[PDB]
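Undergrad: sequence below, structure please.
(chains A and B)
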Amino acid sequence: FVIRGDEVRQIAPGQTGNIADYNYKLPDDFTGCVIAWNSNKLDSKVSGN
Amino acid sequence: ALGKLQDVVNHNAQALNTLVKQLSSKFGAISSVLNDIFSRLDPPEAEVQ
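TA: Numbers count the residues shown, from 1 in each chain, chains lettered A, B, ... in the order given. Pasting the structure now:
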């Protein structure tokens, strides 16, 4: 999925926020890895994607 | 006259009071209140705390 850049820290266990509460929640004991990187040239057009 | 009986009771009461009063020491942690720890420390950190 894709989110805003300022919410990359929000994707983590023991987090609090909008997308955590109302878009996607991770478990506290989550084991694994997370990758996030600007997709401007992919999911950002000047007209707004 | 009979301090040799009284000292036993003194030692036991003193030991119990020390034991209960030890409930307030933080052991260097955030607090000695489990609810306070759970509230302030995110679950990942709260586990170790």
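Undergrad: tell me which residue of chain B lies closest to chain A.
TA: residue B:42 (3.3 Å; Cβ to the nearest Cβ). All C-beta spots, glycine's among them, are computed from the backbone N, C-alpha and C.
Undergrad: which residues does that residue contact?
TA: By Cβ atoms under 8 Å, 6 or more residues apart in numbering or on different chains, the contact set of residue B:42 is A:13-15.
Undergrad: what residues does chain A have near chain B?
TA: A:13-15, A:28 (Cβ under 8 Å from any Cβ of the partner chain).
Undergrad: can you pick out the most distant pair from those residues?
TA: A:15 and A:28 (9.5 Å; Cβ to Cβ).
Undergrad: ok, the two, which is more surrounded?
TA: residue A:15 (18 against 13; other Cβ atoms under 10 Å in any protein chain shown).
Undergrad: hang on, isn't the more buried one packed against residue A:24?
TA: No - between residue A:15 and residue A:24 there is no contact under Cβ atoms under 8 Å: 10.5 Å.
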